[PDB]
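This report refers to the structure that appears directly beneath it.
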Number of protein chains: 2
Amino acid sequence: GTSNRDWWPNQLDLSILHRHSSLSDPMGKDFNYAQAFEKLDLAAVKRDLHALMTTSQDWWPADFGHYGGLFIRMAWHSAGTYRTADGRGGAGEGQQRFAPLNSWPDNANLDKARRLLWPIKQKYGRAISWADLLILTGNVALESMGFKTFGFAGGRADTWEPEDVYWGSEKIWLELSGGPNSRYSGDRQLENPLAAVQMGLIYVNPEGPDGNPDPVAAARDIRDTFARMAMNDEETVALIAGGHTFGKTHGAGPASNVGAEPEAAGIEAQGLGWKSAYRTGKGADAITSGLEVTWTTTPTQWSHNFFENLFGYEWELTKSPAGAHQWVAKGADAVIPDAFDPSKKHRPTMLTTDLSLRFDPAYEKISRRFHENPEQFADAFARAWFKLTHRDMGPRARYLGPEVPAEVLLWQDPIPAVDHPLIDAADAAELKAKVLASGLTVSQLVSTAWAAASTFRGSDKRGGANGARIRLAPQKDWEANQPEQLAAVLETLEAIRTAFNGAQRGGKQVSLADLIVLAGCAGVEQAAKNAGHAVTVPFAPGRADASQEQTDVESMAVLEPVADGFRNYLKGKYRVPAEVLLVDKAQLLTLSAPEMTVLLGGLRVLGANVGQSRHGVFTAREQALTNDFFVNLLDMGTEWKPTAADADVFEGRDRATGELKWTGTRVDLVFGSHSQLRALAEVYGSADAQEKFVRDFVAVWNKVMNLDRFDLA
Amino acid sequence: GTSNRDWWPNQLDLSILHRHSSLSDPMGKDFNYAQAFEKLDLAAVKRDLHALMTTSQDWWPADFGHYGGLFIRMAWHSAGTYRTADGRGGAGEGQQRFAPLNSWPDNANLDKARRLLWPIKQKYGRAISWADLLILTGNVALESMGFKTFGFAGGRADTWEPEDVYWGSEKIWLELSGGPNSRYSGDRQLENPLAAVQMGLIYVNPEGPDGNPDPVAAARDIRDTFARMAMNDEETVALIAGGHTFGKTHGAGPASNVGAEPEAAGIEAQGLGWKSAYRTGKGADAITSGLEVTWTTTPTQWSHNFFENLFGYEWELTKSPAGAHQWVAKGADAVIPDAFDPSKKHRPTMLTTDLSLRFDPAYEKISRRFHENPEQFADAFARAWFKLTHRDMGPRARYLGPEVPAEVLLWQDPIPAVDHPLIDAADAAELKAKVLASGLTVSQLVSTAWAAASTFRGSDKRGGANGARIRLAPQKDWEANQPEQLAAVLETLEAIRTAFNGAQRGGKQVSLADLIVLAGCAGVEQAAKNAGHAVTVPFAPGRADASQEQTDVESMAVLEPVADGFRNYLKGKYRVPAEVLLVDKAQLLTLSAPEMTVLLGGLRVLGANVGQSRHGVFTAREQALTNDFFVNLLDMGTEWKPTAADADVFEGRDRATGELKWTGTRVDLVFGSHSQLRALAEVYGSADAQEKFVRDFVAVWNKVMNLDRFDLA
Ligand code: HEM
Ligand code: HEM
Ligand code: NA
Ligand code: NA
Ligand SMILES: [O]
Ligand SMILES: [O]
């Protein structure tokens with residue numbers, strides 16, 4: 001069936017904004033997963049998981065009698081799709097059970113791991129999500145084999161359809177770099193937002209870069225991909241060596257024996273894939289990656305044998321039974337146990353990427369320290385495993401259950417506890433009137449609150465106005481935030497705060513984070529008033545102010561908006577059209593297409609554009625909250641043409657007189673071009689829509705202001 | 001960006017069930033279009049439309065100073081996508097303003113027509129939908145030019161994204177037959193459910209079949225396509241000759257001058273398309289179809305000139321200025337006016353497909369009768385125009401406003417008005433006890449009510465249980481309905497009715513239509529009881545019984561299910577896999593994926609399968625309402641393989657013993673294979689979900705029982 005995508009493959013795709021509707025969810029619209037989880041007997045779930053670790057099923061026999069290794073890899077892969085550039089991927093929505101991730105080559109036989117968990121999932125039902133179960137199972141695997149984890153938080157709600165993520169443009173699974181859709185350019189520069197070296201891999205190729213078994217070059221790819229997953233050199237070494245302390249790889253015969261991935265398999269396979277014609281197709285004959293490596297002498301127990309073997313031997317390049325490159329310890333005894341036959345033993349083996357931990361000079365230093373000090377190794381691995389598997393969970397307020405670590409970590413962008421009474425509705429009214437009496441304009445107030453709140457992204461739940469980090473490095477200096485204007489607004493707001501707080505009794509006070517949001521609310525109310533409408537913009541107090549020392553400035557870098565259509569801002573020239581970047585921002589903000597449309601039309605006429613640009617400011621009453629953007633955009637008495645100077649800027653001229661009326665960007669004019677967006681603009685641009693436009697604008701402004709407010713959840 | 005569709009282009013697409021969510025709709029979920037329309041000043045809208053007809057805009061000047069012909073074609077095209085096979089297409093959702101229909105070649109320059117209506121749409125806002133406006137504008141164009149319409153009904157609610165329709169598999173616009181995705185096979189057999197000869201056409205090719213100018217062969221395509229749009233020979237002739245009394249075609253220069261369709265055009269085109277480099281690109285220089293034909297001497301007035309010219313002249317094959325085939329009247333004077341230049345006049349011209357009305361023997365007799373009896377032509381065209389433009393509006397109870405024709409038409413599947421008191425809750429209890437005491441089984445009662453209610457389709461709002469048409473030809477004879485078993489259930493129900501009705505006072509009675517549904521509800525209640533649950537199933541009385549004479553047996557043929565996954569029924573072998581057909585049927589029933597899942601799992605265990613097939617009956621307590629379908633399907637202790645005798649039937653065998661436990665179809669197993677469907681099945685298959693399953697099942701059963709109940713809406 002030929003689709004709109006086939007006819008117009010470059011047209012903007014709005015469906016990504018309309019995912020996760022209540023139509024696709026089988027739970028009541030009332031279902032609260034946090035409340036269900038809070039009543040889960042987590043201890044009982046862990047005891048069941050513990051038993052499962054050594055209860056082999058004959059349809060996928062457990063290596064060494066212990067599923068621990070397999071489950072660790074499962075939880076690692078669930079988490080390891082995460083990219084810092086957009087926060088997409090990660091373990092937080094249990095997306096490994098859906099396409100495409102369920103069928104990535106790197107996820108081969110994790111279909112079997114997930115199926116082994118069905119009986120426990122079935123037993124506990126809605127009180128434990130798949131997303132939480134995958135991570136928990138990983139933790140129980142580690143604990144069952146003698147490793148002390150740093151902790152565990154529940155609260156990852158299940159989802160019911162595939163997330164729309166850009167994983168790359170390649171049309172061939174695992175395509176080597178340099179093809180017609182190469183994700184590499186220049187001196188091996190990986191395209192943002194991607195965080196893996198080949199389509200269908202979690203991070204790097206375990207044979208080495210494009211299959212070239214050089215551990216020094218592999219180290220480069222490791223370092224780059226792991227950084228793009230929020231991990232530094234210490235965390236990377238800890239994770240790889242920690243993981244590869246357990247279990248084994250599977251490459252017992254040629255890869256050609258392996259059939260279709262799950263999404264391609266026949267219906268009868270019941271959601272499993274990679275059915276193998278090699279001998280029994282499982283157990284001792286398993287083929288997963290095609291590599292056949294077992295790293296330690298006790299694959300089912302925590303030890304410091306990974307580094308003892310890495311540094312205790314010299315390594316020789318060899319081939320698995322499936323033909324993959326891998327390494328074997330020169331002149332070693334057969335000291336590594338066989339996964340099924342107690343009478344066989346094998347020499348130590350390693351991947352190319354394992355050897356990176358020794359042959360990269362910076363990794364080597366850390367690996368030596370971890371070798372000499374296995375207690376440091378254990379603690380670094382525990383912390384890194386916690387971080388990895390919880391990186392996309394968002395603020396600490398979302399962490400559920402009795403194993404949540406009490407130590408607050410810098411990577412969490414922590415928010416201090418509130419220790420005083422909150423402002424009430426009458427206090428909020430007084431503060432709004434003071435803000436407005438200061439002489440701050442609607443434009444300044446709206447632009448500042450937008451800048452503070454619109455850092456939120458629903459992908460990993462980072463950002464938002466809580467914390468008042470707009471006043472700290474690096475946010476205060478981001479170009480989109482207009483650093484000089486921002487400084488003058490913040491100074492005036494801080495003087496208002498200091499006076500309000502100084503006047504109170506009982507220790508009531510207002511945070512700067514709250515006041516920034518409230519002040520924007522006052523701006524919106526005033527804009528409505530300027531248009532002849534009396535509205536109260538909702539406001540919920542309770543934000544707190546974080547310090548500079550509680551803010552990792554380097555981690556904060558990935559939240560800088562280089563594209564923000566809502567402020568008509570583009571930091572530079574990009575390959576992706578601006579309107580695509582707008583829909584990407586809207587999705588990160590959790591906005592629907594109608595919410596995106598209302599919000600953008602209102603921001604334009606409030607003065608939110610960076611640098612006071614007139615682009616898309618289609619009104620003669622700037623700073624009044626009206627639907628003028630839509631009425632003027634849709635007026636056929638205007639003709640639009642790209643400018644000679646810049647094809648991405650358009651002039652709107654009266655069709656009769658030739659007089660210049662307006663200018664706009666692609667982000668402005670798309671609402672008059674795209675057939676679904678223009679249908680939305682028409683609603684807001686109709687004669688009966690001024691009151692609806694105001695109400696809808698206020699609702700979406702409030703939604704954006706509260707995106708990070710999991711403390712009120 | 002490589003998508004799931006690219007990787008696994010044959011995987012089932014569930015997004016079609018989750019369209020039209022409240023996320024994409026800019027109106028509140030409270031918005032009621034019927035109530036908004038009820039308050040529209042329809043008279044005022046029509047006066048503005050009348051004014052519009054001769055208010056020429058310079059960006060698309062009006063032919064002959066009058067846009068009537070253009071607007072008639074617009075309305076005709078809005079309605080003319082309709083297919084009887086599935087009820088999809090038609091005017092009822094205003095889908096002409098979205099992709100792909102906004103950019104079909106046959107809809108060229110209708111973007112201009114719609115844009116001319118923007119100021120009126122704007123002025124009246126939500127009180128008139130685009131969908132209603134398009135048809136109304138057509139009506140006003142006809143009235144403006146002297147033709148009295150049969151009527152007009154509002155109530156077509158606007159939609160906010162493209163409908164997912166199968167329009168054909170061809171990858172080239174207007175591809176001629178016999179290509180690698182040919183919609184034709186055999187003796188010019190058009191594939192169901194299609195109702196046009198080429199991708200991007202409304203019905204046929206105006207040059208003739210695949211561009212061959214033979215009017216007799218063209219007539220065959222016309223007859224077949226129009227039949228598939230619910231039009232017989234009399235309605236077809238009336239429509240074509242009626243329509244082509246007005247206006248003109250546009251082919252002033254070569255088609256190479258015409259640019260990108262709306263969905264391909266530059267952003268600056270602001271939703272418009274087909275920008276032409278031929279001379280002024282518009283008006284006298286317009287290029288639309290590439291044909292250059294004006295049919296009558298008074299193109300802006302109703303006349304009887306179409307048939308006078310058709311029969312009054314002999315016709316010679318010629319070429320338009322764009323090179324298209326068309327016909328000119330042999331030795332005629334220049335009697336046809338020019339659309340722009342009062343000093344030019346033209347000979348009469350016709351399309352191939354117009355000549356079909358004379359050279360096809362059956363059309364010729366009708367065309368001669370219309371030529372000799374212009375009153376009959378008028379009334380037939382008015383009736384056909386009303387039918388065409390309202391065919392997908394559903395039951396009469398949805399027709400709004402003061403122009404609704406009072407005459408009840410057979411094509412409307414009319415339901416007699418109820419003229420008596422309805423049963424109350426005490427009566428409903430007594431009828432259900434009598435039903436259950438009769439000895440009819442759960443399986444009988446469920447199967448009969450499912451058969452009655454599940455004829456509904458939301459695409460054109462035909463079918464459903466109202467009317468009791470299950471007792472009439474042809475439904476009573478359909479194989480899916482199990483005619484012998486059906487007759488025995490209906491006989492026992494009719495006896496129950498006759499006794500209940502005989503015993504009443506005050507003229508209270510129950511329809512057979514109501515009783516069928518109530519009896520099914522008793523079946524479901526009894527099934528719940530069989531499983532140890534106490535459940536009341538909701539029931540809304542008020543259906544009436546239609547007669548045989550009120551049920552057109554030929555029109556009812558297209559609602560026969562050849563595929564009904566909910567009864568594990570397939571009438572023959574098809575090119576579309578069975579699970580695709582299931583999702584298709586779910587969409588027509590207005591079900592979401594979770595609703596489809598729960599409903600199908602419950603029907604399997606209640607005994608709703610046609611022929612009492614065991615396929616998917618995964619329970620040992622048949623006729624008890626449990627979630628056994630899900631628990632057993634998801635049991636990994638069973639391995640599934642296709643049977644040798646039939647690759648579409650599967651055997652589920654114990655993994656340890658090899659013993660046969662169950663058999664299933666693709667419709668059964670898809671719920672264990674597809675990754676989104678299996679996530680749904682898991683929810684209902686969990687240990688905490690038995691109560692949830694029962695309640696959700698009752699909700700969806702009730703939904704289906706009420707699908708056609710617009711009398712209560
Ligand atoms: C450079 C980064 C990494 C690479 C290239 C890599 C590669 C691989 C490969 C190819 C396999 C074999 C799959 C098979 O055939 O069964 C595997 C197994 C494994 N990996 Fe990794 N890995 C990396 C990092 C990690 C991390 C960060 C963890 C966890 C902290 C982890 C834990 C494991 C475990 C437990 C197994 C054994 C699975 C089993 O016993 O069945 N790996 N790895
Ligand atoms: C055999 C079925 C039909 C065919 C092949 C056909 C074909 C065409 C074509 C090719 C055009 C010219 C488009 C252009 O170049 O601007 C046209 C115009 C038109 N058709 Fe049809 N038509 C059919 C049936 C109908 C019917 C059923 C109606 C209405 C009841 C209708 C009403 C019109 C009108 C009013 C125009 C004139 C448009 C204008 O003045 O701009 N046609 N038709
Ligand atoms: Na994420
Ligand atoms: Na329809
Ligand atoms: O891994
Ligand atoms: O037409």
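Throughout, protein chains are lettered first and strands after them, A, B, ... in sequence-line order, and every chain is numbered starting at 1. Atom set for the values below is all heavy atoms of this structure, side chains included, hydrogens, waters and symmetry mates excluded.
- Remark: side-chain polar atoms of B:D545 are paired, donor with acceptor, to backbone N or O of B:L512 under 3.5 angstrom.
- Scored by the salt bridge (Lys or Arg N to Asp or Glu O under 4.0 Å) test, B:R497 finds no partners at all (sequence neighbours excluded).
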*Would you please test A:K121 and B:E682 for salt bridge (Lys or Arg N to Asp or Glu O under 4.0 Å) and show each step?*
CA-CA 9 Å; A:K121 181 77 187 78; B:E682 285 169 344; over 6 Å; no

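- Here the side chain of B:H18 pairs a donor or acceptor atom with the backbone of B:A593 at under 3.5 angstrom.
- Although no hydrogens or angles enter the test, the distance criterion places no donor-acceptor pair under 3.5 Å between the side chain of B:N466 and the main chain of B:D708.
- Two residues are said to be in side-chain contact when any heavy atoms from C-beta on lie closer than 4.5 Å; B:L625 and B:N530 fail this criterion.
- In plain terms, the two heavy atoms of B:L606 and B:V442 that are nearest each other are O-CG1, 3.9 Å.
- Here the closest non-hydrogen pair linking A:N102 and A:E263 is ND2-OE2, 3.1 Å.
- A heavy-atom distance below 4.5 Å is not found between the side chains of B:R604 and B:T619.
- Using modelled atom types, no side-chain atom of B:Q475 and backbone atom of B:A452 make a donor-acceptor pair closer than 3.5 Å.
- Residue pairs meeting the salt bridge (charged side-chain N to carboxylate O under 4.0 Å, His left out) criterion with at least one member in residues 462-479 of chain B, sequence neighbours excluded: B:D413-B:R462.
- Going from atom CE of B:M596 over to atom CG of B:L582 covers 5.0 Å, rounded to the nearest 0.5 Å.
- Rounding to the nearest 0.5 angstrom, the gap separating the CZ atom in A:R115 from the CG atom in B:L634 is 8.0 Å.
- Using a 4.5 Å cut-off on side-chain heavy atoms (C-beta onward), B:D648 and B:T665 make no contact.
- For the pair A:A99 and B:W8, the tightest heavy-atom approach, listed with the atom from each and the gap, is CB-CZ3, 4.0 Å.
- With A:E161 contributing its side chain and B:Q676 its backbone, the two residues share no donor-acceptor pair below 3.5 Å.
- The closest donor-acceptor contact from the side chain of B:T448 to the backbone of B:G520 lies at 3.5 Å or more, if one exists at all.
- B:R228 places a side-chain N or O within 3.5 Å of a backbone atom of B:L194 that can act as its donor or acceptor partner.
- Taking the six-membered ring for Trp and thresholds of 30 and 60 degrees, B:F618 and B:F629 have nearly parallel ring planes, at less than 30 degrees apart.
- A cation-pi arrangement, defined by a distance under 6.0 Å to the six-membered ring centre and an angle within 45 degrees of its axis, is present between A:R97 and A:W160.
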*Decide side-chain contact (heavy atoms from CB on, under 4.5 Å) for B:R543 and B:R709; before the verdict, give the C-alpha distance in whole Å, the side-chain angles of both, and the deciding distance to 0.1 Å.*
CA-CA 8 Å; B:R543 302 165 189 84; B:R709 297 296 311 273; 3.4 Å; yes

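- Looking at every heavy atom in both residues, B:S21 comes nearest to A:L23 through CB-CD1, 3.7 Å.
- Taking a cutoff of 4.0 Å between a charged side-chain nitrogen and a carboxylate oxygen, B:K573 and B:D646 do not qualify as a salt bridge.
- For B:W640 and B:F650, the gap between ring centers reaches or exceeds 6.0 Å.
- Checking each of B:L589, B:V583, B:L591 against B:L17 for a side-chain contact (heavy atoms from CB on, under 4.5 Å) leaves exactly one that passes, namely B:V583.
- Heavy-atom contacts from other residues, nucleotides or ligands closer than 6.0 Å to NZ of B:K703 number more than 12.
- Using a 4.5 Å heavy-atom cutoff, the side chains of B:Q412 and B:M393 are not in contact.
- Here the straight-line distance linking atom OG1 of B:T597 with atom CZ of B:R678 works out to 13.0 Å at 0.5 Å rounding.
- Taking 4.5 Å as the limit, some side-chain heavy atom of B:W478 sits within range of a side-chain heavy atom of B:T455.
- Residues B:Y684 and B:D696 bring a donor and an acceptor atom of their side chains to less than 3.5 Å of each other.
- Put simply, the side chain of B:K641 does not reach to within 4.5 Å of the side chain of B:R653, judged on heavy atoms.
- A distance of 13.0 Å separates CG of B:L669 from CH2 of B:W662, quoted to the nearest 0.5 Å.
- Taking CH2 of B:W450 as the start and CG of B:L445 as the end, the distance is 16.0 Å to the nearest 0.5 Å.
- Side chains of B:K432 and B:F539 form no contact here, defined as non-hydrogen atoms less than 4.5 Å apart.
- Across all non-hydrogen atoms, the minimal contact from B:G92 to B:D392 is N-OD2, 2.7 Å.
- Side chain of B:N501 to backbone of B:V510: a donor-acceptor contact under 3.5 angstrom is found.
- For the residue pair B:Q587 / B:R88, a side-chain donor-acceptor distance below 3.5 Å is found, with atom types taken as modelled.
- Smallest separation of non-hydrogen atoms from B:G565 and B:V667: O-CG1, 3.7 Å.
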*Passes side-chain contact (heavy atoms from CB on, under 4.5 Å), B:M705 versus B:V524? Steps please.*
CA-CA 12 Å; B:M705 299 306 108; B:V524 172; over 6 Å; no

*Evaluate the side chain to side chain donor-acceptor pair (under 3.5 Å) criterion for residues B:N568 and B:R614: first the C-alpha distance (whole Å), next the side-chain angles of each, then the deciding distance (0.1 Å), finally the verdict.*
CA-CA 10 Å; B:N568 229 348; B:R614 323 271 60 244; over 6 Å; no

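- Formation of a donor-acceptor pair under 3.5 Å by the B:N481 side chain with backbone atoms of B:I470 is not found in this model.
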*side-chain contact (heavy atoms from CB on, under 4.5 Å) between B:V605 and B:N627, intermediate numbers included*: CA-CA 8 Å; B:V605 307; B:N627 65 342; over 6 Å; no

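- With a 4.5 Å cut-off on side-chain heavy atoms, B:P561 and B:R567 count as touching.
- Judged purely by atom type and a 3.5 angstrom limit, B:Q623 uses its side chain to pair as donor or acceptor with the backbone of B:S443.
- A salt bridge links B:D688 and A:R126; the closest N-O separation between the charged side-chain nitrogens and carboxylate oxygens is under 4.0 Å.
- Note that CG of B:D460 and OH of B:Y82 are 3.5 Å apart. Values are rounded to the nearest 0.5 Å.
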*For the pair B:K508 and B:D424, evaluate side-chain contact (heavy atoms from CB on, under 4.5 Å) and give the outcome as yes or no after the intermediate values.*
CA-CA 10 Å; B:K508 187 177 284 178; B:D424 63 22; 3.7 Å; yes

